[PDB]
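*Asks:* When you read off a place in the sequence shown, starting at 1, and then add 12, the result is the number in our numbering.
All residues carry an ideal CB built from backbone N, CA and C; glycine is no exception.
One structure, pasted below without further comment.
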Amino acid sequence: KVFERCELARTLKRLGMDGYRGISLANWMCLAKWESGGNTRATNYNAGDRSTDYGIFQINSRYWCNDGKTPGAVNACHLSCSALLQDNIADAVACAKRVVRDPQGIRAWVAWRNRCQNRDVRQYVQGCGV
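Quick look at the structure:
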């Protein structure tokens, strides 16, 4: 599924992402936008370390989900990476919350650092009623 902007904002808000561990909804929106364009079936293979990024937040298989083919990987979210490719983003959100409970918080994703940190992210939620 490829989310429309405000549709995603409300979806994430209902799933409890607004202010989760101090992270605003606009920050999550900026993350999804830059990670996959709001595409839940997006995947990115990393030939360098044999891992794959899955779903709307492009969560990596080395540490977060199990895909069975990533060498010496772990599964901190306790999900099959397949769960991160569903149209329903509930499991992906559950895993994104798990990611940010670690020390780095939202900084876990480098794309957030590159395109969202210290930027005007208000534009992502304006007019969405969130």
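Across the segment 120 to 131 and the segment 85 to 99, are there enough close Cβ pairs to call them in contact, namely three or more that are closer than 8 Å?
*Replies:* Touching, no.
*Asks:* Which value, in whole angstroms, describes the spacing of the CA atoms of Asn56 and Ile35?
*Replies:* Near 25 Å, if we compare the C-alpha coordinates of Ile35 and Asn56.
*Asks:* Thinking C-alpha only, which one of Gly84, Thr23, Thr52 is nearest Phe69?
*Replies:* That would be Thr52, whose Cα lies nearest to the Cα of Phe69.
*Asks:* Is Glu47 buried or exposed, if buried means 16 or more other CB atoms sit within 10 Å of its CB?
*Replies:* The residue in question, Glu47, is buried, as its Cβ has 16 or more Cβ neighbours within 10 Å.
*Asks:* Measuring alpha carbon to alpha carbon, tell me which of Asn130, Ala88, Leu24, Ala102 ends up nearest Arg113.
*Replies:* Comparing Cα positions, the closest option is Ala88.
*Asks:* Could you name the residues of the same chain whose beta carbon sits closer than 6 Å to that of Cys18, not counting the 5 residues immediately before and after it, in chain order?
*Replies:* Here the set comprises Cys140.
*Asks:* Tell me the residue span of the beta strand (DSSP E) that contains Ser63.
*Replies:* Counting along the chain, the beta strand (DSSP E) containing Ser63 begins and ends at 63 to 66.
*Asks:* Between which residues of its own chain and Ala21 is the CB-CB distance below 7 Å, once the five residues before and five after are set aside?
*Replies:* So the qualifying residues of the chain are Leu37, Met41, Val137, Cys140, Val142.
*Asks:* In chain order, what residues of the same chain lie with their CB nearer than 6 Å to the CB of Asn58, ignoring the 5 residues before and after it?
*Replies:* Taken in chain order, the list of residues that qualify is empty.
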